[PDB]
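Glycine gets a Cβ as well: all are built from the backbone with ideal geometry, and neighbour counts include every protein chain shown. All of this is worked out from the model, or read from it or from the source named; no laboratory instrument gave them.
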Amino acid sequence: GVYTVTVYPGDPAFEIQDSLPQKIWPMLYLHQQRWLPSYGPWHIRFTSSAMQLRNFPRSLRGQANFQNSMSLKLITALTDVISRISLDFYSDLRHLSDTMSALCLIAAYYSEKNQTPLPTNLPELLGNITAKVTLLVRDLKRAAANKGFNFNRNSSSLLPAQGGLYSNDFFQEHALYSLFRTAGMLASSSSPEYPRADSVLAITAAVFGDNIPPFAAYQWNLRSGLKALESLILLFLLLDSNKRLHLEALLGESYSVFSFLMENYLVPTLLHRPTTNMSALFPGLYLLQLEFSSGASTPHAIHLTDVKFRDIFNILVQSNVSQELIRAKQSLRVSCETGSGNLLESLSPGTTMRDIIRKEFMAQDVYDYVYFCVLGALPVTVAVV
């Protein structure tokens with residue numbers, strides 16, 4: 001079933017089957033003798049280095065790659081890889097999508113701070129997202145004064161040990177985990193305070209059922225939800241005169257900012273596609289996270305990141321007759337988690353993100369930032385000569 005989304009106020013509405021950028025990209029190849037789409041600096045270097053890789057799939061080597069453009073197959077493949085970064089590759093009854101885990105965590109916190117009832121279904125869980133994020137961003141400043149946003153990891157595997165728990169110190173130095181603990185959330189058998197009701201479990205039991213265990217007992221949903229929540233906070237901070245993206249020129253003359261995006265893009269997407277993962281909602285945010293995964297934006301650090309991503313992309317798009325593939329998916333996901341924590345640890349997350357998005361993706365204002373987050377690229381028309 002097709003559904004409708006609007007990304008920016010006053011802008012046209014789009015009817016999509018699953019992904020907005022996947023709906024847009026084919027429309028940019030209907031005037032190939034007049035113009036081709038150009039996707040920006042990071043995309044041109046990525047395409048250029050992919051055309052030099054020995055193992056690079058031949059199906060993604062179209063002529064457009066050499067005309068300051070990308071072939072439709074290559075931009076589609078890249079959009080797919082980025083959208084699948086935070087997607088669970090396995091089936092597990094205990095697992096929620098990262099998006100739903102973040103939504104349960106943020107609704108529990110909002111309920112505890114305002115002494116208001118918990119949501120009991122999907123539409124209530126999707127309500128007042130802007131106020132929930134606003135409360136979380138203002139309260140988080142207190143917790144982030146002495147704590148960072150990166151996990152204390154042991155191995156590059158994403159899942160916890162048999163039993164459901166990570167190492168005792170895994171979440172210890174995380175500001176968002178600490179903020180939830182100060183509010184009485186995620187209590188355990190060894191917690192020092194008199195335990196309050198587990199509001200996250202009451203939400204999961206009501207909306208999803210009995211298969212979702214407590215986040216403190218089966219900690220994969222907590223690791224997953226915390227990083228999806230960091231992505232929503234980074235989106236809030238990024239959106240808080242001339243533009244690169246011109247829809248009239250690309251598609252035809254017929255074609256707060258955060259709150260509008262929530263109500264007209266995020267909420268309609270999750271009502272029609274409830275399992276949508278965070279990197280599929282906001283692929284551009286995951287590219288920004290990948291760019292800051294080393295904790296630096298120097299061309300040396302950017303180059304090393306770009307080499308690492310191109311090798312990962314290469315493995316993910318291979319068609320050759322599986323542990324190497326799993327390792328690559330996990331490595332890309334962990335690099336984005338690291339990048340996300342790094343951005344939030346910077347003095348001004350919004351400024352750091354704005355500097356990166358302007359240099360690597362040529363976004364010029366809030367209009368371009370929102371579209372970059374949803375599409376993963378900001379295409380421009382380039383004349384064919």
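Of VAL321, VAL334, which residue is among the β-branched types (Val, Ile, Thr), outside the structural domain of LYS147 (by TED's automatic domain parsing) and either part of a helix (DSSP H, G or I) or on the phi > 0 side of the Ramachandran plot (or both)?
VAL334
What number goes with the only condition from (1) in contact with an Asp or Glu (Cβ under 8 Å, 6 or more places away or on another chain); (2) polar (S, T, N, Q); (3) assigned to a helix (DSSP H, G or I) that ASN221 does not pass?
Of the numbered conditions (1) in contact with an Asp or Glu (Cβ under 8 Å, 6 or more places away or on another chain); (2) polar (S, T, N, Q); (3) assigned to a helix (DSSP H, G or I), the odd one out for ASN221 is (1).
Could you check the range 77-94 and list, in sequence order, the residues that are crowded, with 20+ Cβ neighbours inside 10 Å and not in a helix (DSSP H, G or I)?
If the condition is that a residue be crowded, with 20+ Cβ neighbours inside 10 Å and not in a helix (DSSP H, G or I), then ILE85, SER86 are the ones that fit.
Would it be correct to say that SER348 is surrounded by fewer than 18 Cβ atoms within 10 Å (Cβ to Cβ), over 23 Å from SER97 (Cβ atoms) and among the hydroxyl-bearing types (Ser, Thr, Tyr)?
Considered against the rule, which asks whether it is surrounded by fewer than 18 Cβ atoms within 10 Å (Cβ to Cβ), over 23 Å from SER97 (Cβ atoms) and among the hydroxyl-bearing types (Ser, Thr, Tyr), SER348 comes out as yes.
Which number in (1) surrounded by fewer than 22 Cβ atoms within 10 Å (Cβ to Cβ); (2) under 14 Å from the mean Cα position of the chain (by Cα); (3) of a type outside the set (A, V, I, L, M) marks the one condition that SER231 misses?
So the condition that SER231 fails would be (1).
List the number of the failed condition for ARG138; all other conditions in (1) under 30 Å from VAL366 (Cα atoms); (2) surrounded by 14 or more Cβ atoms within 10 Å (Cβ to Cβ) hold.
The number of the failed condition is (2).
Output the qualifying pairs, or none if there are none: Cβ atoms under 8 angstrom, residues six or more apart or on different chains, first residue in the range 105-116 and among the charged types (D, E, K, R), second residue assigned to a helix (DSSP H, G or I).
From the range 105-116, the pairs are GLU112/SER199; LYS113/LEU135; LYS113/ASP139.
Taking the conditions exactly as written (touching a strand residue (DSSP E or B) at 6+ places or on another chain (Cβ under 8 Å) and part of a helix (DSSP H, G or I)), does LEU226 satisfy them or not?
Answer is yes for this residue.
With the checklist (1) part of a helix (DSSP H, G or I); (2) over 22 Å from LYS227 (Cα atoms) in hand, flag the one item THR305 doesn't pass.
For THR305, the exception is condition (2).
Could you list all residues from the range 261-292 that are among the small types (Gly, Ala, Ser) and in contact with an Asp or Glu (Cβ under 9 Å, 6 or more places away or on another chain)?
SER279, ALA280, listed by residue number.
Collect the residues in the range 304-337 that are buried (at least 20 other Cβ atoms within 10 Å of the Cβ) and either under 24 Å from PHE171 (Cβ atoms) or of a type in the set (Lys, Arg) (or both), keeping them in residue-number order.
Hits for the range 304-337 are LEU332, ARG333, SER335, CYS336, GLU337.
Could we say that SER279 is buried (at least 18 other Cβ atoms within 10 Å of the Cβ), assigned by TED's automatic domain parsing to the domain that holds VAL7 and of a type outside the set (A, V, I, L, M, F, W, C) here?
When the stated conditions are applied, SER279 passes them.
Restricting attention to the range 287-298, and to residues there that are under 21 Å from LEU378 (Cα atoms) and not aromatic (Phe, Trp, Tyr), which single residue is surrounded by the fewest Cβ atoms within 10 Å (Cβ to Cβ)?
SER297
Give just the number: which of (1) under 22 Å from the mean Cα position of the chain (by Cα); (2) outside any helix (DSSP H, G or I); (3) in the same structural domain as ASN121 (by TED's automatic domain parsing) does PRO213 not satisfy?
Here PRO213 clears every test but (1).
With the condition kept exactly as written, say whether any residue in the range 36-43 is under 19 Å from the mean Cα position of the chain (by Cα), among the aromatic types (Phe, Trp, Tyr) and surrounded by fewer than 21 Cβ atoms within 10 Å (Cβ to Cβ).
No - not one qualifying residue is present in the range 36-43.
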